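Participant: below is the sequence, then the experimental coordinates.
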Amino acid sequence: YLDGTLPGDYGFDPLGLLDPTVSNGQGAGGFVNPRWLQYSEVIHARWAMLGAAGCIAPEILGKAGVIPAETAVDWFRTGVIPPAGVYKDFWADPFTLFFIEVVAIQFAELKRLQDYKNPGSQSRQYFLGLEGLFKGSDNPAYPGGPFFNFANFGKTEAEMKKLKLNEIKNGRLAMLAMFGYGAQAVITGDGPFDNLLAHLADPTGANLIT
Amino acid sequence: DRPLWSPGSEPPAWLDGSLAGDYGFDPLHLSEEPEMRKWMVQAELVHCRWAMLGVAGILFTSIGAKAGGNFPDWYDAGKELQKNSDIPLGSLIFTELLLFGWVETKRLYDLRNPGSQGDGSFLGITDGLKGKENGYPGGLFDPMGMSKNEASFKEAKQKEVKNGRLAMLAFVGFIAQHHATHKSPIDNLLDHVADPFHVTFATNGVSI
Amino acid sequence: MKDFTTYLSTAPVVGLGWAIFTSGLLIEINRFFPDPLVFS
Amino acid sequence: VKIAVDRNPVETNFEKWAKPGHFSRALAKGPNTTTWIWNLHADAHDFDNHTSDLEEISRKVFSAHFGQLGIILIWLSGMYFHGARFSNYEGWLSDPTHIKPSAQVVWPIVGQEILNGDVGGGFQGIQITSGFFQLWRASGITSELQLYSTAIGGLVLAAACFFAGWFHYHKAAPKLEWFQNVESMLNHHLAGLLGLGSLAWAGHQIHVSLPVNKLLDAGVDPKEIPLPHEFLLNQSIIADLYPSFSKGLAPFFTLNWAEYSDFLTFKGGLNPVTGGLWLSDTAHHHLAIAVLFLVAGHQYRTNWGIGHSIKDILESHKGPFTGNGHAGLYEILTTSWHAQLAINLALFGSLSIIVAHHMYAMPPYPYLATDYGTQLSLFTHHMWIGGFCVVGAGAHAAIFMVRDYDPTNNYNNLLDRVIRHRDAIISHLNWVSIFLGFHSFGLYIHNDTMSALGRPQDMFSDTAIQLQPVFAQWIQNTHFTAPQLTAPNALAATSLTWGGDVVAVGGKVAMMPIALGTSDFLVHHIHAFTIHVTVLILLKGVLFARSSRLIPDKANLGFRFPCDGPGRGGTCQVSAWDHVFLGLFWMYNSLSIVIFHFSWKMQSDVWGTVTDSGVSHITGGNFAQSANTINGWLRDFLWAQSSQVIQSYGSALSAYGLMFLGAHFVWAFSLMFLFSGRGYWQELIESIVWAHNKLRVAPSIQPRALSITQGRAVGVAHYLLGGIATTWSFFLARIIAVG
Ligand code: CLA
Ligand code: CLA
Ligand code: CLA
Ligand code: CLA
Ligand SMILES: CCCCCCCCCCCCCCCC(=O)OC[C@H](COP(=O)(O)OC[C@@H](O)CO)OC(=O)CCCCCCCCCCCCCCC
């Protein structure tokens, strides 16, 4: 059933979770279906594309002389998992920031979900004049618009398909990387860049086998 | 055709939009029947109007206490004012329960039967004391002619409800950030304005 | 809601409300004016 | 093999809540008699009778099972919560021997408060006998905050369970194909649930249950203990306790596992301090068990195409004497739920009976053997649960023969050949029951008659015509002398019941060798007599459910019917349902004896306070001499141990004295239902309806007497409840007031 029309189709579905036989009826139903799984693949990817860039950027810039070493700290010692460590000097405590985090994100998430449940619904109701930017599109993952694609890149359809899968190939790689950051940190107890600096120095001596 | 509490949600069938402060908010399917809907709009307004009347009493005293006047906290105010009063407790309660049973009962029978109290039995009053709508009387409770115009009466109903929902949320606030800080509401305000980043609900020692 | 109120009007549910009333009333009548035997 | 779901089959609304009886065609009409009410609560969960569709029956079952889990998880979270806020766990943890557990504080109303006994630890409440305190100590639990979180987790997971049942039924419900993927279910249930489940537990025991109970047993105060999470973070702390933790997984991946000998052990026996199993041994057990179930889960060929096929395995084990054997069973099991339920209940009940024997001799959780009320309550519970479950197999197997039995699939099969020599089964089994009851129970009467006549030399006893169980005695020594020869690396034996020395804890013995004699020979046989008969009643009902010589057509009458008629001399209680109704009384009688045996034996020969000069048992070791006579079981067990219950008025055990009487009332009350019949009652109601009619106060729902089948069910229910609740009062009051 994998025709290959999709961007990131390379014929790898051993378990058969994307088949159209499952969820035969019509309705909302369950999460496992082509409409939701395709949507969650890029969401995981984009969030991970941001995370893997940010988990290693302060450490790299810290080894370099640009950023102060006080701020340059391992991604797991910056406030998440306070047993690991906690940055004392922010402009507010973590829990105050979490209520900021939750609120400002709840808006963005719920609104996106509402868009998935009923397309174009968020433009119809007044939202502080920002309704023109949320018109959406046929597909729930690639809305586009005056903001999300403010610089219209793929005016041609063929150029979009090339970008639509470069978003995935560069993205599915990042998801693996963050899975490496978590596993590296537990065993090594050090940042991801310092672990790289060791394998380049003593590869045979610094390794998972060790 | 109008705003809603969650954009994109289909509003219920029974909430047409004529009522004041209608945003299609009833997931429990309450007020689905006409008779219960006729009862709840009157329950919402009294819970509102008592909130406005009460919360203003708390701000007036808590501000007068912060300025220097002799006013106590809204909490533990009935305990310190009864210690030194000529009116015992029990004579003050059943002066309130007995006097409200008159009003609260007359309001009930206007609900069950509109226009019933305007018969002229009570001291020969007929044109007043008959309801204009369910929870919106007039004549005597509207001395100023601020309701003899449907254009300016329909939006005033929207302001009575919007400043009311907000008001009875505030009373829940006073309960909550009293139990945490055991201070007045105004004192909690000046602290947040003094050091907004540091003094929040996270740093009160409670709720964590 | 018409069907919910009808479910609440069944026998198992109305009896549950009766039991909480009669038992709640008697236990409350023993908590205050404790352990009565003779009626004044 | 693949996933298959049908979207939004059923709408969710309260419309059918208002219309009871919707599931059945007969009940949807409405009530004109009061019999409609009893039929409603009865046929509610009989999904096979509602509809013929096997798919809908599967959707209903898979979603109802999600309910029992949510019902369990709030119950389980309640114990954790009630143990956190209304208990003495922190006090008991610091002085376990002297302080008693208490998780049920009572309110202050008329009377009542006296039940809040002086438990100890600055606390007063009801003394529990569930063993939760020893369970929470076997794991790393020192504070009440760990119990609160554990409770909030259950409510969260329980709502998820309940949500799942609505989701898996009302929104996205699987298809019949998803349910028949039986091979897939076995691999996931074996490897995933039992395998990883046990491997996970090992992790917790290794990182929390071992680093905490080592300090607690060394006298350290609980508040000074380092918290369960800190041990994971610091590899230096746990290394001080177990130095093997300093090497860190290199021994594992290099296959040098001898380094982990510090915490992975084969000690055997019991801890001298706690009177419980070595916690290091259990981590080794559950670790071992995971590797065993993991390989088992890679057996069936679900979708990869490599492995065994259940059908090919069944239709290949054939024999001459059997003919066509095991052939048409894969079609049965994949089509009828009652077949699987009967098989599952038989092993799920016989397992809880194994849990009861393998816990008392091998006390796993610490400070359990010294809490005799706890050790006696767990045994009596898991044993009763086994009897019910076993009897359910005989009921839920007869339903298969009546409803889900197609003779076309079964020709010269194992199931067909069993029916064709059924009269040989029941006949040969009838002879055994008569053989046992004479040679076993008749021995008891011989001892009674000999004693009353003044001929005690002629009794069956130790000082007498001894009948000693040589086979058991030989097995005790073999398992006792095993560490020398058959299990050299074993430091000691599995339990001290086989042989050895006493293990004393807090001045009380946890376990000591049990000696078997002439009395233990009669009782062990008495049990077989009660088991062979209980099988005769159920097995007879199964085979003769579909047809008999008296009634060649029972299957058309159905599973439960009272009687065909007063003809043939009488046909009342001929159905398979009425065989289950009879097996319950026997099953209850058999289980009760297996409980008296545990109480008098362990009180007299095992339990007691250890002094400088030996042990002083509770009943002075009277099981050997008195048990041989029936009057001994009346004098030394009943007329003696009933003193603590009777004299409970005016103390915290007063509730047991009431339940002791209340249980007798409900037991007798059942006799009205079993002895009489629905004819006398229906006529009496007519004379009552006249008075209610005379005053124009009469029900439109006509009153009708209870149905014959219901009358019998109502009897055995009030009968078992009163028979079982008496012991529940006669035991806990006896044992809590020790001796
Ligand atoms: C693209 C991702 C990525 C990258 C670039 C690295 C790179 C590195 N890792 Mg790392 N790691 C990763 C993923 C990654 N890892 C993942 C996913 C895990 C969890 C399994 C780990 C767990 C891990 C540990 C525990 C350690 C490292 C270490 C290291 C460093 C030395 C190499 C070594 O000895 O480990 C090689 C270890 C491996 C597990 C290599 C195989 C991982 C492959 C490349 C990615 C996964 C393939 C994927 C699962 C295939 C798809 C199948 C799936 C659909 C079923 C090096 C900088 C070591 C270190 O700190 O350096 C001193 C160290 O101790 N890693
Ligand atoms: C403990 C055993 C027991 C008990 C309690 C009873 C009780 C009763 N029998 Mg009876 N009976 C029994 C054994 C018993 N029988 C046996 C072994 C036989 C021979 C098989 C008979 C044969 C028999 C016959 C032929 C008749 C009776 C009748 C009666 C009733 C007579 C009227 C009366 O006394 O008012 C009531 C007496 C009471 C003790 C009240 C019982 C209920 C109490 C008050 C509990 C209250 C409920 C409480 C709230 C708990 C409810 C909770 C629960 C529902 C969850 C009576 C209720 C006669 C009858 O029909 O009455 C008109 C009648 O004709 N019996
Ligand atoms: C959840 C489990 C459950 C349980 C334990 C019961 C139990 C009962 N139901 Mg039932 N019910 C249930 C679920 C349940 N139901 C469900 C799911 C439905 C579908 C909506 C119904 C619908 C239903 C109907 C339509 C009826 C019952 C009736 C009854 C009662 C039988 C009549 C009787 O014997 O007393 C006989 C009573 C007298 C002779 C005189 C009246 C005095 C009574 C005893 C006082 C009231 C007792 C009170 C209800 C007890 C509290 C509830 C208790 C379970 C804790 C009985 C107590 C019948 C009833 O009338 O209820 C009382 C009845 O008509 N139920
Ligand atoms: C209404 C039924 C019922 C009830 C009310 C109880 C009540 C109780 N049980 Mg029990 N249990 C039952 C049925 C029941 N059980 C059955 C049928 C079995 C046979 C498997 C068991 C096996 C069992 C064991 C082994 C233990 C209890 C224990 C307890 C007591 C502590 C409660 C607890 O949370 O411990 C929680 C129990 C554990 C943390 C350990 C459970 C270990 C078992 C072996 C897990 C097996 C689960 C497995 C997946 C299901 C069987 C697989 C299948 C192939 C057979 C408590 C008094 C414990 C106790 O003695 O209290 C001190 C105890 O160790 N139960
Ligand atoms: C617990 C001790 C119980 C022993 C006494 C019970 C005796 C009553 C059983 C008599 C039925 C005789 C008819 C056989 C029925 C029959 O003819 O079936 C035929 C069967 C041979 O089968 P085939 O090899 O031809 O076919 C097998 C295939 O059909 C597989 O499905 O016989 C046996 O299996 C031997 C059974 C001996 C049964 C007695 C032993 C049962 C207890 C198990 C332990 C025994 C050893 C204990 C010592 C430690």
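Facilitator: Now that the structure is in, tell me what you want to look at. Numbers count the residues shown, from 1 in each chain, chains lettered A, B, ... in the order given. Ligands and ions are numbered 1, 2, ... in the order given.

Participant: now residue C:26: phi and psi?
Facilitator: phi -70, psi -50 (degrees, to the nearest 10).

Participant: swap in residue D:669?
Facilitator: Main-chain torsions, residue D:669, degrees, to the nearest 10: phi -50, psi -30.

Participant: for it, what are its contacts?
Facilitator: By Cβ atoms under 8 Å, 6 or more residues apart in numbering or on different chains, residue D:669 lies in contact with D:718, D:722. Placement of C-beta: from N, CA and C, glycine included.

Participant: how about the helices in chain B?
Facilitator: B:34-67, B:93-112, B:150-179, B:185-194 (DSSP state H).

Participant: of those, which is nearest residue D:211?
Facilitator: Closest to residue D:211 of the helices of chain B, according to Cβ to Cβ: helix B:150-179, at 39.3 Å.

Participant: quick one: the closest one to helix B:185-194, angle?
Facilitator: Angle, helix B:150-179 to helix B:185-194, by axes from the mean of the first three to the mean of the last three Cα atoms, to 10 degrees: 90 degrees.

Participant: buried set for helix B:150-179?
Facilitator: Buried residues in helix B:150-179, defined by neighbour count with 16 or more other Cβ atoms under 10 Å in any protein chain shown: B:153, B:157, B:160-161, B:164, B:167-168, B:170-171, B:174, B:177-178.

Participant: one more: stretch B:61-74?
Facilitator: For stretch B:61-74, burial by neighbour count (16+ other Cβ under 10 Å) applies to B:61-62, B:65, B:71, B:73-74.

Participant: pull the CA atoms of it into CSV?
Facilitator: Extracted in CSV, the C-alpha atoms of stretch B:61-74 (Å, rounded to 0.1, in the frame of the first residue of the first chain):
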residue,chain,number,x,y,z
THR,B,61,-12.4,47.9,54.1
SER,B,62,-9.0,46.3,53.1
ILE,B,63,-8.1,49.6,51.5
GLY,B,64,-9.2,51.6,54.6
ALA,B,65,-7.2,49.2,56.8
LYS,B,66,-4.1,49.7,54.7
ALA,B,67,-4.5,53.5,54.8
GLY,B,68,-4.9,53.6,58.6
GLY,B,69,-8.6,53.3,59.3
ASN,B,70,-9.9,50.8,61.8
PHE,B,71,-11.2,48.0,59.6
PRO,B,72,-10.3,44.3,60.2
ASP,B,73,-9.6,41.6,57.6
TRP,B,74,-12.6,40.3,55.7
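
Participant: ok, and what's touching it?
Facilitator: Contacts with stretch B:61-74, where a contact means Cβ under 8 Å, 6+ apart, come from B:57-58, B:77, B:80-81, B:174, B:184-187, B:190.

Participant: dump the buried residues of stretch B:61-74 into a markdown table; add distance to ligand 1 as well.
Facilitator: Converted to a markdown table, those look like this (distance: Cβ to the nearest ligand atom, whole Å):
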| residue | distance to ligand 1 |
| --- | --- |
| B:61 | 63 |
| B:62 | 58 |
| B:65 | 62 |
| B:71 | 65 |
| B:73 | 58 |
| B:74 | 58 |
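
Participant: can you give me the strands in the stretch 1-150 of chain D?
Facilitator: Along the stretch 1-150 of chain D, the segments classed as strands by DSSP state E, counting those that start in this stretch run D:5-7.

Participant: got the residues of it near chain A?
Facilitator: For the stretch 1-150 of chain D, the contact set with chain A under Cβ under 8 Å from any Cβ of the partner chain comprises D:2-9.

Participant: show me the residue at the heart of the chain, geometrically.
Facilitator: Defaulting to chain A. Closest to where the C-alpha atoms of chain A average out (Cα atoms, centre = their mean) is residue A:47, at 1.4 Å.

Participant: you answered for a different chain; I wanted chain C.
Facilitator: Note: chain C centre (Cα atoms, centre = their mean) maps to residue C:21, 1.5 Å.

Participant: for ligand 4, what's its nearest residue on chain A.
Facilitator: Going by Cβ to the nearest ligand atom, ligand 4 is nearest to residue A:15 of chain A, at 25.6 Å.

Participant: report the contact partners of residue D:8.
Facilitator: Neighbouring residues of residue D:8 by Cβ under 8 Å, 6+ apart: A:25-29, D:170-172.

Participant: list only buried entries from the residues you listed.
Facilitator: The buried subset of the contacts of residue D:8 (16+ other Cβ under 10 Å) comprises A:29, D:170-172.

Participant: which SSE is the single nearest residue of chain C relative to ligand 4 in?
Facilitator: Closest approach of chain C to ligand 4 (Cβ to the nearest ligand atom) occurs at residue C:12, with a separation of 23.6 Å. Element membership for residue C:12 (DSSP states H and E) is helix C:11-31.

Participant: residues in contact with that helix: which ones?
Facilitator: C:7-8, C:36, D:109-110.

Participant: let's see that with 6 Å instead.
Facilitator: Helix C:11-31 is contacted from outside by residue D:110, using Cβ atoms under 6 Å, 6 or more residues apart in numbering or on different chains.

Participant: got it, and stretch D:80-87?
Facilitator: D:89, D:103, D:105, D:132, D:144, D:147-148, D:150-151.

Participant: from the residues you listed, which land in helices?
Facilitator: D:89, D:132, D:147-148, D:150-151.

Participant: between those, which sits nearest residue D:541?
Facilitator: Among these, and counting by Cβ to Cβ, the member closest to residue D:541 is residue D:132, at 39.4 Å.

Participant: which of the three states applies to whatever residue of chain A ends up closest to chain C?
Facilitator: Here chain A gets closest to chain C at one residue, residue A:27, 22.4 Å apart by Cβ to the nearest Cβ. What DSSP: H, G, I helix; E, B strand; the rest coil gives for residue A:27 is coil.

Participant: which one is it nearest to, not counting chain neighbours?
Facilitator: residue D:8 (3.6 Å; Cβ to Cβ, 6 or more residues apart in numbering or on different chains).

Participant: please tell me how far residue B:113 sits from ligand 4.
Facilitator: Plainly put, residue B:113 is 57 Å away from ligand 4 if you go by Cβ to the nearest ligand atom, to the nearest Å.

Participant: tell me how far that residue lies from chain D.
Facilitator: Per Cβ to the nearest Cβ, to the nearest Å, residue B:113 is found 30 Å from chain D.
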